[PDB]
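Taking this note's numbering, the leading residue of the sequence shown gets 2, the next gets one more, and so forth.
No residue lacks a Cβ here, since even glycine has one placed at the ideal position from N, Cα and C.
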Amino acid sequence: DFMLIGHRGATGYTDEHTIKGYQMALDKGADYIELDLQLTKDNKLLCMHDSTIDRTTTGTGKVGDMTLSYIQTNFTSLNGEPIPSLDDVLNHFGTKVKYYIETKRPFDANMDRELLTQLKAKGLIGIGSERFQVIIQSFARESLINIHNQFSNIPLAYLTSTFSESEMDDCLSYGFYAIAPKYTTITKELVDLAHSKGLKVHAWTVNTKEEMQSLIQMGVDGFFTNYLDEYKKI
């Protein structure tokens, strides 16, 4: 009935994209932990929002210019926690948690291939998997079509900064499960139209109890939040 998504883990309470933060999101009632990924020089997936490590770590530079070993041996998150790889996260939580994973815009065939390889190896997608164990989101229509061609049962969320029938009609055309619009674009009229077309609506990024109350009234099916404790105050 409602999908509460821990945006980069529990970002409002601790550093983003750390295993401690992912666990804190689960402890504070998150249905899904949200992962952002970057490719290392040696083609491994790192949990990291930005293309560079400068904002959130004790290191500098593009993730693509360093090996996974170089990053994990030399640098930490600003709070001292390790910088986890996708493999670190999947090995730690396994099938006990649900993952909401973003692929790169513009479309990167290498990122998508490495992601599906690791998910398939853990049995989190393909034969034997639960449909809603993994949702994949992207701003890149091309990335979501690429995944839908290979694993048709993975629910896909189309990230958008604009909310109109054109985006909804593309969801219908390409077999996307959800539209995921910037919350400032959302109206009850647009949510009710999306629902009439069989789409789910996941709003981002919703940090105040007043915003949460407003979007639940408009009928959204889920939201991404940095402040999971505020959902309990509604």
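Burial state of residue i (16 or more Cβ within 10 Å)
i    : result
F164 : buried
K105 : buried
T41  : buried
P85  : buried
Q214 : exposed
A179 : buried
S78  : buried
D113 : buried
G13  : buried
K234 : exposed
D16  : buried
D66  : exposed
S153 : exposed
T58  : buried
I128 : exposed
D2   : exposed
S144 : buried
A11  : buried
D109 : buried
For residue i, the residue or residues it bridges with in DSSP
i           : result
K63         : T53
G7          : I34 and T226
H203        : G223
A181        : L160
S78         : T58
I102        : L36 and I137
residue 256 : The displayed coordinates of the chain run from 2 to 235. Any statement about residue 256 would go beyond what the structure contains.
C48         : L38
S86         : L47
Residue i versus the options, residue with shortest Cα-Cα distance
i           : options                  : result
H18         : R56, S144, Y232 and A179 : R56
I126        : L91, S52, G62 and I217   : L91
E211        : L38, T226 and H203       : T226
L117        : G62, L87 and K97         : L87
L229        : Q134, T209, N44 and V221 : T209
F177        : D28, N147 and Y23        : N147
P107        : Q134, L160 and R132      : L160
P182        : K198, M67 and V207       : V207
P83         : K21, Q151 and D170       : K21
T96         : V221, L69 and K121       : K121
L173        : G199, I235, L38 and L216 : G199
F133        : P156, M25 and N75        : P156
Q39         : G124, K63 and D89        : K63
residue 236 : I54, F3 and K123         : Since the first residue of the chain shown is 2 and the last is 235, residue 236 is not available in this structure.
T68         : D51, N44 and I187        : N44
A158        : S130, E115 and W205      : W205
Residue i beta carbon near the ligand MG (any heavy atom closer than 8 Å)
i   : result
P83 : With respect to the ligand MG, the structure offers nothing, as it holds no ligand at all.
Inter-residue CB distance, residue i and residue j (contact presumed, cutoff 8 Å)
i    : j    : result
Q119 : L46  : 7 Å
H203 : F224 : 6 Å
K201 : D222 : 4 Å
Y175 : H149 : 6 Å
Q. Are the stretch 86 to 102 and the stretch 125 to 143 in contact at 8 Å, needing three or more beta carbon pairs?
A. yes
Q.
Does the contact criterion of 3 or more C-beta pairs under 8 Å hold for the stretch 2 to 20 versus the stretch 32 to 50?
A. yes
Q) Does the stretch 186 to 195 come close enough to the stretch 155 to 171 that 3 or more CB-CB pairs lie under 8 Å? A) yes
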